[PDB]
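Peer 1: Just passing along the structure, written as structure tokens.
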Amino acid sequence: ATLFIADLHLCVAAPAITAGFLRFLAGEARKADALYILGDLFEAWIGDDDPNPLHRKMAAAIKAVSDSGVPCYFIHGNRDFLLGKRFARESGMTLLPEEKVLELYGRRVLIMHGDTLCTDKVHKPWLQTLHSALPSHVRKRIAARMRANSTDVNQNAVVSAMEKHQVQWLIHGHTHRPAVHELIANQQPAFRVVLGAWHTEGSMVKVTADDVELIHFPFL
Ligand SMILES: [Cl-]
Ligand SMILES: [Mn+2]
Ligand SMILES: [Mn+2]
């Protein structure tokens, strides 16, 4: 089984969530084929080496999952888009681009945080370099945050991303509204599975060869 979670918004002031995440990593995650964390794992992020005991503890708990044989992957959210390679190495996670297609048990599945779907130069390299100065997953987040500091997902964006990636399944979070949506893409049926935030209960998408399901579980 391949597991997907997001929107934990971990912080020192919310230790029950952190405890529930540790239980998850030490139990369910150990039995998975892989674990995908689709952004907003932390409420905020600046420096990979910030003095934060919470960061050290989470990195070691995640690294203990991957060390046990369960690969771990991370797609940045709008809260933790500065999380970098150093922390990925500390935690044993692979960082993924803002949109990624997986081949899960014969099916193509698009994963992303979901904020780039909203829910509120190229020809010349020397010129292109200037635009790609920061990784795309940082450039778009920084621009949106700056605009929002100065002053539901868009359906056209959903379709457009599923036709661009030739995909009938999409998993994301960000909106904090867990649900399963049906739609049309690529002249076929398509589905968009939305994760929930961990403010009061955990949630995951569990994908197997036979089933996908959106599951909620208490922190215990
Ligand atoms: Cl934000
Ligand atoms: Mn979130
Ligand atoms: Mn978000």
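Order determines the names: the first chain of the structure tokens is A, the second B, and so forth; residues in each chain are numbered 1 upward, and ligands are numbered 1 upward as they are shown.
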Per residue of chain A within 9 Å of ligand 2, note the shortest atom pair and the distance in Å to one decimal, counting only C-alpha atoms and all ligand atoms, and order the rows by chain and increasing residue number, as JSON lines.

Peer 2:
```
{"residue": "A:6", "atom": "CA", "partner": "ligand 2", "partner_atom_place_in_ligand_line": "1 (Mn)", "distance": 7.2}
{"residue": "A:7", "atom": "CA", "partner": "ligand 2", "partner_atom_place_in_ligand_line": "1 (Mn)", "distance": 4.1}
{"residue": "A:8", "atom": "CA", "partner": "ligand 2", "partner_atom_place_in_ligand_line": "1 (Mn)", "distance": 7.1}
{"residue": "A:9", "atom": "CA", "partner": "ligand 2", "partner_atom_place_in_ligand_line": "1 (Mn)", "distance": 6.5}
{"residue": "A:39", "atom": "CA", "partner": "ligand 2", "partner_atom_place_in_ligand_line": "1 (Mn)", "distance": 7.4}
{"residue": "A:40", "atom": "CA", "partner": "ligand 2", "partner_atom_place_in_ligand_line": "1 (Mn)", "distance": 5.0}
{"residue": "A:41", "atom": "CA", "partner": "ligand 2", "partner_atom_place_in_ligand_line": "1 (Mn)", "distance": 8.0}
{"residue": "A:42", "atom": "CA", "partner": "ligand 2", "partner_atom_place_in_ligand_line": "1 (Mn)", "distance": 8.8}
{"residue": "A:43", "atom": "CA", "partner": "ligand 2", "partner_atom_place_in_ligand_line": "1 (Mn)", "distance": 7.9}
{"residue": "A:77", "atom": "CA", "partner": "ligand 2", "partner_atom_place_in_ligand_line": "1 (Mn)", "distance": 7.2}
{"residue": "A:78", "atom": "CA", "partner": "ligand 2", "partner_atom_place_in_ligand_line": "1 (Mn)", "distance": 7.5}
{"residue": "A:79", "atom": "CA", "partner": "ligand 2", "partner_atom_place_in_ligand_line": "1 (Mn)", "distance": 7.2}
{"residue": "A:113", "atom": "CA", "partner": "ligand 2", "partner_atom_place_in_ligand_line": "1 (Mn)", "distance": 8.5}
{"residue": "A:115", "atom": "CA", "partner": "ligand 2", "partner_atom_place_in_ligand_line": "1 (Mn)", "distance": 8.9}
{"residue": "A:173", "atom": "CA", "partner": "ligand 2", "partner_atom_place_in_ligand_line": "1 (Mn)", "distance": 6.9}
{"residue": "A:174", "atom": "CA", "partner": "ligand 2", "partner_atom_place_in_ligand_line": "1 (Mn)", "distance": 4.3}
{"residue": "A:175", "atom": "CA", "partner": "ligand 2", "partner_atom_place_in_ligand_line": "1 (Mn)", "distance": 6.6}
{"residue": "A:176", "atom": "CA", "partner": "ligand 2", "partner_atom_place_in_ligand_line": "1 (Mn)", "distance": 6.3}
{"residue": "A:196", "atom": "CA", "partner": "ligand 2", "partner_atom_place_in_ligand_line": "1 (Mn)", "distance": 8.5}
{"residue": "A:197", "atom": "CA", "partner": "ligand 2", "partner_atom_place_in_ligand_line": "1 (Mn)", "distance": 6.4}
```

Peer 1: Fewer than 4 positions away in the same chain doesn't count, so skip those; otherwise give me all residues within 12 Å of stretch 60-69 of chain A, counting only C-alpha atoms, as an MDAnalysis selection string.

Peer 2: chainID A and resid 18:19 21:37 41 53:56 73:74 87:94

Peer 1: Could you write those residues out with C-alpha atoms, as a PDB file, in the first residue's frame?

Peer 2:
```
ATOM      1  CA  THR A  18       2.928  15.727  16.712  1.00  0.00           C
ATOM      2  CA  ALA A  19       2.213  12.741  18.957  1.00  0.00           C
ATOM      3  CA  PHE A  21       2.117  11.855  13.614  1.00  0.00           C
ATOM      4  CA  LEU A  22       4.766   9.915  15.545  1.00  0.00           C
ATOM      5  CA  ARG A  23       2.282   7.106  16.183  1.00  0.00           C
ATOM      6  CA  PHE A  24       1.487   7.055  12.460  1.00  0.00           C
ATOM      7  CA  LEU A  25       5.150   6.847  11.444  1.00  0.00           C
ATOM      8  CA  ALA A  26       5.874   4.114  13.998  1.00  0.00           C
ATOM      9  CA  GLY A  27       2.815   2.019  13.102  1.00  0.00           C
ATOM     10  CA  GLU A  28       0.937   2.287   9.821  1.00  0.00           C
ATOM     11  CA  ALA A  29       3.808   3.800   7.819  1.00  0.00           C
ATOM     12  CA  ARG A  30       6.119   0.865   8.584  1.00  0.00           C
ATOM     13  CA  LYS A  31       3.732  -1.434   6.674  1.00  0.00           C
ATOM     14  CA  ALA A  32       3.474   0.766   3.574  1.00  0.00           C
ATOM     15  CA  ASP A  33       5.173   0.396   0.219  1.00  0.00           C
ATOM     16  CA  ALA A  34       5.921   4.131   0.250  1.00  0.00           C
ATOM     17  CA  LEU A  35       4.918   7.334   2.027  1.00  0.00           C
ATOM     18  CA  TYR A  36       4.157  10.589   0.202  1.00  0.00           C
ATOM     19  CA  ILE A  37       3.822  13.800   2.228  1.00  0.00           C
ATOM     20  CA  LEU A  41       4.006  19.209   6.979  1.00  0.00           C
ATOM     21  CA  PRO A  53      13.886  20.437  18.606  1.00  0.00           C
ATOM     22  CA  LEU A  54      10.619  19.626  16.842  1.00  0.00           C
ATOM     23  CA  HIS A  55      12.454  19.636  13.501  1.00  0.00           C
ATOM     24  CA  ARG A  56      15.151  17.277  14.780  1.00  0.00           C
ATOM     25  CA  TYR A  73       8.848  11.558  -0.552  1.00  0.00           C
ATOM     26  CA  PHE A  74       7.992  15.224  -0.013  1.00  0.00           C
ATOM     27  CA  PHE A  87      16.517  18.686   5.777  1.00  0.00           C
ATOM     28  CA  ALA A  88      15.462  16.133   3.163  1.00  0.00           C
ATOM     29  CA  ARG A  89      18.784  14.398   3.854  1.00  0.00           C
ATOM     30  CA  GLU A  90      18.380  14.701   7.638  1.00  0.00           C
ATOM     31  CA  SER A  91      14.904  13.137   7.389  1.00  0.00           C
ATOM     32  CA  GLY A  92      15.696  10.588   4.678  1.00  0.00           C
ATOM     33  CA  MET A  93      13.130  12.071   2.280  1.00  0.00           C
ATOM     34  CA  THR A  94      13.251  12.556  -1.473  1.00  0.00           C
TER      35      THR A  94
END
```

Peer 1: Out of chain A, which residues get alpha helix (DSSP H) from DSSP, as an MDAnalysis selection string?

Peer 2: chainID A and resid 15:26 53:67 85:91 125:131 136:150 155:164

Peer 1: Neighbours of residue A:134 within 12 Å (only C-alpha atoms; same-chain residues fewer than 6 positions away dropped), as a ChimeraX atom specification?

Peer 2: /A:81-82,128,140-143

Peer 1: If you run DSSP over the backbone, which residues in stretch 25-142 of chain A end up strand (DSSP E)? Put them as a PyMOL selection string.

Peer 2: chain A and resi 34-37+72-74+93-95+100-104+107-111

Peer 1: Using only C-alpha atoms and all ligand atoms, which of A:98, A:149, A:70, A:51 sits nearest ligand 1?

Peer 2: A:149

Peer 1: For ligand 1, which residue among A:120, A:106, A:11, A:145 is the nearest when counting only C-alpha atoms and all ligand atoms?

Peer 2: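 Selected residue with least distance to ligand 1: A:145.
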
Peer 1: What does the distance from atom CA of residue A:190 to atom CA of residue A:5 come to in Å, to one decimal?

Peer 2: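 Between these atoms lies a distance of 20.5 Å.
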
Peer 1: I need the residue nearest ligand 1 from this list: A:38, A:1, A:118, A:111. Use only C-alpha atoms and all ligand atoms for the distance.

Peer 2: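 Closest candidate: A:118.
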
Peer 1: Quick one: distance from atom CA of residue A:85 to atom CA of residue A:97 in Å, one decimal?

Peer 2: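 One can read the atom CA of residue A:85 to atom CA of residue A:97 distance as 12.5 Å.
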
Peer 1: Pick the closest to ligand 1 from A:199, A:124, A:181, A:147: which is it, counting only C-alpha atoms and all ligand atoms?

Peer 2: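 Result for the nearest residue to ligand 1: A:147.
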
Peer 1: Would you compute the distance between atom CA of residue A:156 and atom CA of residue A:191? Give it in Å to one decimal.

Peer 2: 14.0 Å

Peer 1: For residue A:193, please output as a PyMOL selection string all residues within 12 Å (counting only C-alpha atoms; exclusion window: fewer than 6 positions along the same chain).

Peer 2: chain A and resi 4-5+109-114+158+168-183+203-207+212-215
